[PDB]
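Here we start with a single chain on its own, the form deposited in one PDB entry, put down as structure tokens.
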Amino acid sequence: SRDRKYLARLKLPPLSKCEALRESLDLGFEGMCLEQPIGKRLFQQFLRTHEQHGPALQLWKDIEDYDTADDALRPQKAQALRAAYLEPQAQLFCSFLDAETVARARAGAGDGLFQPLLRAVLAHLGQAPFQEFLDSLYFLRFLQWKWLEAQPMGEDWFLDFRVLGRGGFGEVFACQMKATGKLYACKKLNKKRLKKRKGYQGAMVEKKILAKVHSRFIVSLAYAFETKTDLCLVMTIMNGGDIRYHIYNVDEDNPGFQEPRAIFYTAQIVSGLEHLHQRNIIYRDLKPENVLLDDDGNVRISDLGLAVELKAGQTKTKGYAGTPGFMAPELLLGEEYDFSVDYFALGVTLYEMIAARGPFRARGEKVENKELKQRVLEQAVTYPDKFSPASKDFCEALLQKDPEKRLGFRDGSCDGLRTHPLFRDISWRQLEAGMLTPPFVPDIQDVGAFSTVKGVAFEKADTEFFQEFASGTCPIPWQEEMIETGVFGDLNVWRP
């Protein structure tokens, strides 16, 4: 239900304790009032109580409302937006805009109808309105909230209550943040085992990535902390079960997804790959057992241990890594490679979703990595009658052995891929916004211990890696937790 002891420690502090934060912090408008949820709220509360900024705020709200409205209501909403904010005599008309910006808004028509208008509003709001905000109690309230965000919230704050899964380095428990009662998944990594098997680099890249990236198609890191025996990641709980499980379990006699389900999962995965690729990350571990369903039937990618962050200027990488059967020819051959490898994995995943087997080996056949390698390099993929002509087409485009001919990430987006006929019946606008009804709404045993790890002592280098790994609370998710969970509502009161 949630713990008295810990709730009582979520309390906005006195102002004098926020003097430190005041300076050593990001004053950035985009960072404070656009990307950080509490930051956003407080900024909008500020604009709401200053009458002059009413017309900007409402346009802002009304644009965000329009971006996620249903296709039915849109034309109507698009008109009411133009009628309220873009006619020189309307009550909430927006002086601060160019003629050229107001003109384009009135005349636009398409996928990103009001994104130039939103950019203009945000640019305006980022000027004086923001400067006034900084000079106001609402900004100070933000600091109180940031102060709280930075208070220690380590192992004591989470209650493991059941086993969700098992990794190479530890179990993954369902757990509750005792203060707010929110449910998370807590992936535990045994410190001695990590050392002995030399999995530190892998552990760090997963945390670095889950930390920095915010996408509804990638599991999100909330907290990182350490216990005496383990490193712990607290992340988005996914109770649905991995895709692979559902491919073989939905029908034992007739395994595989009906195509609309496989296209929905494919679209969601793609959108996850695109968020990674836009941030110069190569996943390198896409495959059915790493795609998780949540309580509603929505998927996200997971297991980022094999991912590589490309540096500034770097467009390619090298390194043998991945699961046999999903690694692209480039990778197998030892060549330099980019994001293409992930699209090759995508195709093998789509394949398996449809056909209940890999493109390169029959169901329940043992094939050794050496042989499975030559298959991937030399074998033409055959497609059984199970596949529609659209799904054959798409896989063929992803299974292209030559990366340069492979479909995928061009011009900083996946928009090319999205127009492929397979997605004919998908509102990408809505998929990305999290609105579409998923196709199948869903509805573990504890093994005990991992074997003893004899003869492993820690050096300072090990301890530093652990303190570095245990970097604490991630702002955006914590702030999200505070809001969804009611704690923001309670503590942000002025006079109840």
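Heads up, when I say rigid core I mean the largest set of C-alphas that superpose within 1.5 Å between the two forms. Numbering starts at 1 and runs along the sequence shown.
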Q45: gap in at least one third of other compared structures:
no
For the other entries of this protein included in the comparison (both sides of the residue modelled), is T68 absent in a third of them or more?
no
Unmodelled residues of the deposited sequence between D443 and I444: none, 1 to 3, 4 to 9, or 10 or more?
4 to 9
90-98 versus 221-229 - greater average Cα B-factor per the deposited record:
90-98
Of 432-440 and 52-60, which one has the bigger average CA B-factor?
432-440
Reading the B-factor column for Cα atoms of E378, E309, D294, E149, the highest value belongs to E309
Among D253, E206, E289, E132, highest Cα B-factor in the entry goes to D253
On the chain's distribution of Cα B-factors, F169 falls within the third called middle
Third of the chain's Cα B-factor distribution that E371 belongs to, per the entry:
highest
Looking at the entry's B-factor column for C-alpha atoms only, identify whether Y320 ranks in the lowest, middle or highest third of its chain.
highest
Going by the entry, which third of its chain does the Cα temperature factor of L15 land in?
middle
Lowest, middle or highest third - CA B-factor, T485:
lowest
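What follows is about the form deposited in another entry, which we do not show.
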Where does the C-alpha shift reach 2 Å or more between this form and the one not shown among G199, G181, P403, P129, given a fit on the rigid core?
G199
Core-aligned C-alpha movement of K311 between this form and the one not shown reaching 2 Å:
yes
